[PDB]
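Enquirer: The following block contains the structure, expressed as structure tokens.
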Ligand SMILES: CCCCCCCCCCCCCCCCCCCC(=O)O[C@H](COC(=O)CCCCCCCCCCCCCC)COP(=O)(O)OCCN
Ligand SMILES: NC(=O)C1=CN([C@@H]2O[C@H](COP(=O)(O)OP(=O)(O)OC[C@H]3O[C@@H](n4cnc5c(N)ncnc54)[C@H](OP(=O)(O)O)[C@@H]3O)[C@@H](O)[C@H]2O)C=CC1
Ligand code: SF4
Ligand code: SF4
Ligand code: SF4
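Protein chains in written order, with my numbering: chain A, 2 to 217; chain B, 48 to 246; chain C, 412 to 565; chain D, 288 to 580; chain E, 479 to 531; chain F, 47 to 393; chain G, 40 to 434.
So, in structure tokens, the structure goes:
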């Protein structure tokens with residue numbers, strides 16, 4: 002649960018053997034078997050915690066996210082008491098463009114899990130703030146950068162971008178430089194926004210090789 | 048020290064808790080009731096005579112007489128290592144021929160896109176640049192361009208006194224960079240000879 | 412009279428330049444280099460440069476950091492509150508020309524777009540001695556001015 | 288008039304300028320720094336630059352405030368300092384020290400008018416905080432003075448608070464009250480242990496920051512002048528005949544104690560003055576009206 | 479090259495890491511006794527002054 | 047709306063871009079008097095559209111600081127030492143310039159410079175120097191509306207004589223003749239306010255009968271742009287009066303109203319008395335340096351120009367010919383500056 | 040038939056603007072206060088949002104390393120370290136032992152300066168200015184080590200994929216060891232002025248109280264966890280370099296108040312000194328960067344003597360290496376907490392998505408819960424213990 006300091010000396014171990022095994026190789030199967038309706042697919046890959054281990058990635062749908070998160074936090078064997086961050090990735094090639102990613106920590110299990118909800122521009126994702134209070138700002142940032150609406154959020158507002166910003170900057174279709182620029186005018190003694198002009202344009206250098214194979 | 052008094056606290060509610068409850072005596076960090084007359088006098092004189100204050104006063108007063116650490120900036124200058132990344136400079140061969148061969152790698156590696164290069168064949172037949180300008184208001188002085196150059200043409204010199212009164216003077220060009228290389232040639236060469244051993 | 416006016420203007424230049432009250436608009440990385448420049452090892456208070464928290468009592472303003480579209484109105488508002496001499500120093504690549512965030516939707520390409528800049532200090536971050544070199548360049552600019560002589564022959 | 292007014296006023300101005308210099312020199316000492324050295328060579332001539340340059344800065348027209356009161360506050364501070372020093376050096380008033388106590392109770396006005404000039408709802412509370420400090424520690428100073436008159440008797444045997452007569456003899460009885468006087472003098476000059484302002488004042492809570500060129504000069508000069516008057520009072524009551532070195536040493540002790548101490552929160556130093564200093568000062572006033580005659 | 483910055487043969491000499499508790503010196507009782515003595519002297523001086531006056 | 051070209055020869059070749067700060071406009075301008083109230087806004091208008099402005103100024107770095115922000119890199123060129131009597135400097139200043147704007151004028155006389163020098167000699171000398179070049183295509187001179195050869199005030203008379211000299215040397219010059227210009231840095235409302243508030247009594251010449259047509263600074267600045275965007279405007283004088291004609295008494299009353307002054311501090315200093323009080327003080331001015339205490343208001347020339355009606359002649363060119371609707375100077379944004387002082391809910 | 044009881048209303052929606060004795064950067068804070076007591080705090084951020092995450096997408100992997108140095112100007116090395124670790128995980132690149140030691144050593148050095156700045160700037164915010172100036176001389180000594188290894192005092196960009204940019208200059212290990220011989224005494228000097236001081240105690244005790252459950256709920260890390268009683272350190276629980284070899288003890292406190300976190304940070308400085316001494320004594324000999332030249336640049340003589348090395352140099356300084364398709368989140372124990380990078384690669388030479396997990400973002404989110412019932416003066420201390428950096432908060 003909460004890693005309250007217990008052992009005063011000789012706590013050199015990273016964790017116990019049984020706790021490591023249950024999470025090294027049974028964690029995804031345990032999740033799938035215990036809560037099958039929530040899970041659609043699972044990926045075991047390079048570990049977030051370390052290079053040597055393997056950590057799970059679970060794909061779930063927007064409707065089941067709140068119950069899956071509640072199960073992950075409070076299940077006795079799986080205690081993901083912490084939400085590291087919430088993130089979205091824009092995939093314009095896909096019909097469901099946005100992949101909302103949740104990163105969690107179990108201090109007891111010493112393990113990291115990644116939860117993905119695949120949505121589009123119109124659909125909304127239920128807020129998980131009641132499960133983790135840290136989610137509020139992360140979902141506000143996801144709304145600002147990518148435009149993903151989070152349902153039942155206490156107050157969904159933009160955080161990073163300028164006041165009056167309507168576009169979502171981290172969308173792959175948003176220009177790198179944006180659309181507007183800010184300058185002070187002497188005539189009107191105000192700082193004003195104007196359409197963009199660049200003295201020197203951004204130079205995109207195409208370095209791709211025909212012979213490369215790693216590109217997917 | 049770390050030990051705390053029941054009275055001293057920064058939060059009103061905690062002060063109320065400690066004023067009206069004796070759970071603080073269970074806690075190990077707090078200081079317990081004196082339980083002797085002499086201990087009562089000790090604590091009372093400690094609080095009333097501002098003892099802890101004076102102890103800091105002497106250690107601070109050590110500051111008055113200890114050796115001041117300061118540098119007269121114009122007369123004395125801070126130590127600068129050979130690796131130091133400062134004002135950029137294009138370099139020439141000892142014959143007087145520019146080392147630049149317009150590979151354009153430094154412009155490709157520039158994280159900030161501060162270098163614009165365009166070249167031509169010279170009349171003799173050499174691959175030489177007709178333009179090499181660096182925006183010093185866009186440079187981040189990473190030194191990647193000095194790393195990518197295969198002929199040591201571009202180096203970040205040891206000069207950090209290059210403030211200007213207008214931004215246009217901070218848009219360097221090939222002639223200015225070559226002049227900067229000429230001005231600092233010997234220092235740059237010594238630094239490069241030292242640096243060559245490591246890398 | 413032309414000699415007396417010159418003596419007055421050089422004394423006034425000495426007074427203005429020796430006692431520079433800078434206000435530091437410390438957005439980002441460069442403010443800490445300024446922190447170091449005003450520390451024990453470099454004594455700016457020996458130079459007569461001592462930082463003042465409010466704009467009304469500051470005659471020189473140092474923009475040290477990346478100016479964003481969200482902040483530029485506040486930068487201009489702070490600049491307008493300053494008194495008449497109001498010299499402005501731009502420190503760092505971010506303040507000088509946007510620098511490494513130049514091609515960004517949220518970054519102003521140079522504080523010169525928002526406020527007039529007298530001296531540009533280049534670096535990322537500018538070395539503290541470089542900042543003192545820029546401050547001495549501004550001090551020379553103040554010494555160069557001969558306002559009282561120009562007043563006599565205006 | 289009298290020529291003595293000149294011989295009192297002029298040394299005061301020179302002394303305040305070099306007090307302002309002394310403060311930062313001592314700071315450089317604590318912090319392994321050095322006194323300013325580009326202004327000249329000796330450094331005698333540093334504060335004069337600040338004054339003369341401050342004459343140069345172009346005036347700002349008053350904004351959203353009544354002009355009369357805004358002009359009034361600097362004149363009040365400059366009047367009080369001159370009256371205090373010239374009644375400390377050039378008068379025979381039987382109760383002169385009580386007159387100095389009265390002139391210190393009028394220093395609440397300068398801050399208070401400067402606060403009223405702001406007319407900000409936040410500035411109201413900030414200026415009220417400052418004046419609350421000043422009055423709360425003026426009470427304890429009054430009790431300490433009651434202690435001082437108690438051993439102060441003239442050759443004819445008449446009780447009095449004539450400054451030369453309290454200066455004549457040094458009483459080690461009174462020293463317990465002199466410690467409280469020194470702490471309260473720190474409080475009344477708004478030194479760091481009681482410098483509630485600097486934290487509140489970085490955002491514009493409300494203080495002489497509004498004043499700009501010559502009004503601002505006289506306030507800061509008056510602050511140092513009041514600190515020097517407190518040093519002179521500490522000398523004359525508790526440490527015998529008036530000595531210039533002792534006065535300046537008490538001022539340097541102010542700077543040292545400041546440097547070694549962090550600031551107090553508003554409720555903290557207010558609770559110190561009422562629940563700690565005042566009972567001790569009443570206990571010593573008992574101890575002095577009740578050590579006897 | 480083959481010569482790089484390596485720790486010296488035999489290793490570096492040991493350093494101090496933990497804090498030093500220097501809290502030695504005067505404590506409460508002696509200050510009370512000295513203050514009492516100084517009060518007694520002050521009382522006697524006041525007595526003499528008040529009779530002479 | 048469609049952007050209209052700057053009607054300058056071969057502009058079509060050089061011009062490129064949207065018309066903004068970083069775009070290229072084919073106008074290189076030498077604006078004399080750039081650091082002044084009128085000149086700064088003209089520099090702002092020209093430089094805002096990507097053009098290059100050369101600003102000759104008498105050595106004063108702090109006064110010309112706002113002009114630095116006006117344009118992109120290399121667009122605002124500040125020449126340090128400007129003298130009206132130096133021919134070589136004037137030739138250097140207009141070397142690359144295809145339009146020259148003259149905003150150099152003095153409200154009052156001093157010992158160094160009189161009206162006849164600044165308002166007559168400089169226009170004639172500059173006119174000859176511009177005429178010999180030939181590269182300069184457009185010339186604009188800024189003058190007062192009330193300027194006339196048969197005017198009692200020496201300032202308004204010398205200005206008209208200098209304008210006639212300019213018309214003689216360059217026949218294609220345009221004479222912009224705005225009224226009392228209202229702005230944040232203006233000398234109309236600011237001086238009136240200072241008179242009402244920090245002066246013992248506010249003397250009003252006669253009873254405020256004199257009629258005036260004040261105009262906002264942005265309107266005059268836009269009018270300059272419209273002059274430069276049309277070649278048909280060349281050789282014509284435009285009286286850029288404001289939308290509303292107002293007597294001076296109305297403006298004083300309305301300033302008192304907006305500032306919510308307790309009562310009327312204005313007094314009746316009728317003419318024939320100012321002509322005796324200020325007449326020696328003019329001779330005082332011509333023998334003493336610039337002094338803040340007394341100026342502009344405290345002169346016989348000001349009284350003489352405040353006894354006449356400075357209004358546009360009936361048959362005349364104006365804002366309508368330039369397709370500009372002037373904004374009212376007694377309401378809206380124009381009056382915000384005086385509004386910030388006091389509006390009765392303020393302080 | 041029993042009377043109801045009415046309540047009171049809160050007003051005074053103050054705006055606390057950019058304020059110098061606070062955590063460095065620009066903070067706009069909207070505070071709703073009932074009288075002199077705060078009822079809601081709403082931090083306004085985005086004043087230093089430079090669009091870093093989107094800019095990364097347009098740069099190559101090696102071109103994007105300097106972004107991480109400038110995300111947090113106090114702790115550069117720890118910030119770039121997570122990025123290079125994530126690229127190494129996706130690339131399956133093994134770091135030589137000497138480079139692993141150099142990374143751990145300089146990470147501990149930047150940790151120490153971060154803690155020095157945090158503690159002394161917090162004391163300055165309280166109002167004590169002597170520890171602050173007493174600390175800049177130490178911080179200068181450590182900046183001198185940086186300028187020696189990289190040529191830049193602040194933005195070194197020294198950590199690279201597969202090792203370090205250059206090898207340690209000769210004589211550096213001796214100088215670091217001397218600074219270490221005197222560091223403990225300097226820290227004790229600072230500790231006496233702060234610790235044991237009645238005014239400091241009164242200002243900091245029982246201010247900003249956090250409990251372990253609250254810390255896990257709000258996603259806090261580092262000193263905030265360890266000041267409340269949580270024995271969790273990434274360097275020990277999830278080692279990422281030769282940290283596993285290193286011998287050091289986690290500092291733990293239980294109250295959660297401001298004072299406990301200050302004590303934790305001082306002890307963390309001491310533990311970092313111990314780790315540095317171990318690094319100095321056990322520093323191995325050999326390669327400092329990975330032998331593979333398809334992910335690391337060749338040496339200059341080698342590029343000037345070999346065709347394959349010139350080809351590799353050209354294609355690494357123009358195109359860069361290609362990172363295999365995959366996703367990874369690598370976190371490091373930064374001085375301010377846990378800093379992680381979520382890197383998504385589709386197989387190209389540029390990152391497709393580089394999410395930066397801010398340790399200070401969650402602390403600023405926790406500000407409201409912590410600063411409830413406090414006073415206007417307490418906010419400065421509470422901000423000081425969070426030690427938030429707004430370039431780090433606003434990416
Ligand atoms: C015990 C003996 C038995 C006999 C009985 C005699 C009783 C004492 C009579 C002696 C008279 C002298 C007393 C000196 C003044 C102290 C007044 C009370 C002391 C006190 O309460 O401590 C703090 C007040 O001092 C402060 O902290 C104020 C702030 C001070 C900052 C400036 C310091 C200046 C340097 C000190 C003066 C030195 C002068 C020469 C340089 C309060 O705080 P608390 O909360 O702990 O107490 C409340 C705990 N319920
Ligand atoms: N109310 C108004 O503003 C109106 C103005 N006008 C006319 O427009 C012109 C300027 O308007 P305004 O800008 O308000 O006047 P300003 O005095 O504000 O601008 C005058 C400019 O001319 C320069 N100047 C004056 N004398 C000399 C000289 N002897 N040698 C060199 N430069 C000199 C000044 O520079 P320095 O600052 O160094 O003197 C300043 O830049 C004036 O002729 C005025 O009559 C037209 C209608 C109304
Ligand atoms: S140092 Fe870096 S940013 Fe500057 S020019 Fe070279 S590669 Fe570009
Ligand atoms: S400076 Fe070096 S890297 Fe840049 S173009 Fe010339 S040879 Fe190539
Ligand atoms: S110029 Fe460089 S050091 Fe300065 S604020 Fe910008 S990124 Fe930081």
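No residue lacks a Cβ here, since even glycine has one placed at the ideal position from N, Cα and C.
How far does the alpha helix (DSSP H) with residue 524 (chain D) in it reach, from first residue to last?
Expert: Counting along the chain, the alpha helix (DSSP H) containing residue 524 (chain D) begins and ends at 501-525.
Enquirer: Which chain C residues are close to residue 207 (chain B), counting only those with a beta carbon under 8 angstroms from its beta carbon?
Expert: Listed along chain C are 534, 537, 538, 540, 541 and 544, each with a C-beta nearer than 8 angstroms to that of residue 207 (chain B).
Enquirer: Give the list of continuous alpha helix (DSSP H) stretches no shorter than 4 residues that lie fully inside the segment 518-579 of chain D.
Expert: 531-546, 553-559 and 565-576
Enquirer: Please indicate yes or no: does the CB of residue 505 (chain C) lie closer than 7 angstroms to some heavy atom of ligand 4?
Expert: no
Enquirer: Hey, would you say the C-beta of residue 151 (chain F) is under 7 angstroms away from at least one heavy atom of ligand 2?
Expert: Yes, since a heavy atom of ligand 2 falls inside the 7 angstroms radius drawn around the Cβ of residue 151 (chain F).
Enquirer: Quick check on DSSP: helix, strand or coil for residue 161 (chain G)?
Expert: helix
Enquirer: With distances taken from CA atoms, which of G:85, G:370 and G:188 is nearest residue 403 (chain G)?
Expert: Per the Cα distances, G:85.
Enquirer: Please state if the CB of residue 159 (chain B) and the CB of residue 516 (chain C) are separated by a distance shorter than 8 angstroms.
Expert: no
Enquirer: Quick test of your reading: residue 53 (chain B) and residue 65 (chain B), contact by CB under 8 angstroms. State the CB separation rounded to the nearest angstrom.
Expert: The pair is a contact, with the Cβ atoms about 5 angstroms apart (cut-off 8 angstroms).
Enquirer: If you run the structure through DSSP and keep just helix, strand and coil, what is residue 399 (chain D)?
Expert: It is helical.
Enquirer: Any heavy atom of ligand 5 closer than 7 angstroms to the CB of residue 536 (chain C)?
Expert: yes
Enquirer: By Cβ distance below 7 angstroms, which residues in the same chain neighbour residue 427 (chain G) in space, the five residues on each side in sequence not counted?
Expert: 62, 399, 402 and 403
Enquirer: Using the C-alpha atoms, what's the distance from residue 96 (chain F) back to residue 198 (chain A)?
Expert: Using only the alpha carbons, I get a separation of about 11 angstroms.
Enquirer: Determine whether the Cβ of residue 73 (chain A) lies closer than 8 angstroms to any Cβ atom of chain F.
Expert: no
Enquirer: Below 8 angstroms on the Cβ atoms is my contact criterion, and I expect residue 532 (chain C) with residue 545 (chain C) to pass it. Report the Cβ-Cβ distance as a whole number of Å.
Expert: Indeed they touch by this definition, with Cβ atoms about 4 angstroms apart.
Enquirer: Considering Cα atoms alone, identify which of D:290, D:296, D:315 and D:341 is closest to residue 428 (chain C).
Expert: D:341
Enquirer: Give the secondary structure of residue 101 (chain G) by DSSP, where H, G and I count as helix, E and B as strand, and everything else as coil.
Expert: helix
Enquirer: For residue 388 (chain F) versus residue 305 (chain F), is the C-beta distance shorter than 8 angstroms?
Expert: yes
Enquirer: Answer yes or no: do residue 297 (chain G) and residue 420 (chain G) have a C-beta to C-beta separation smaller than 8 angstroms?
Expert: yes
Enquirer: Between residue 547 (chain D) and chain B, is any beta-carbon pair separated by less than 8 angstroms?
Expert: yes
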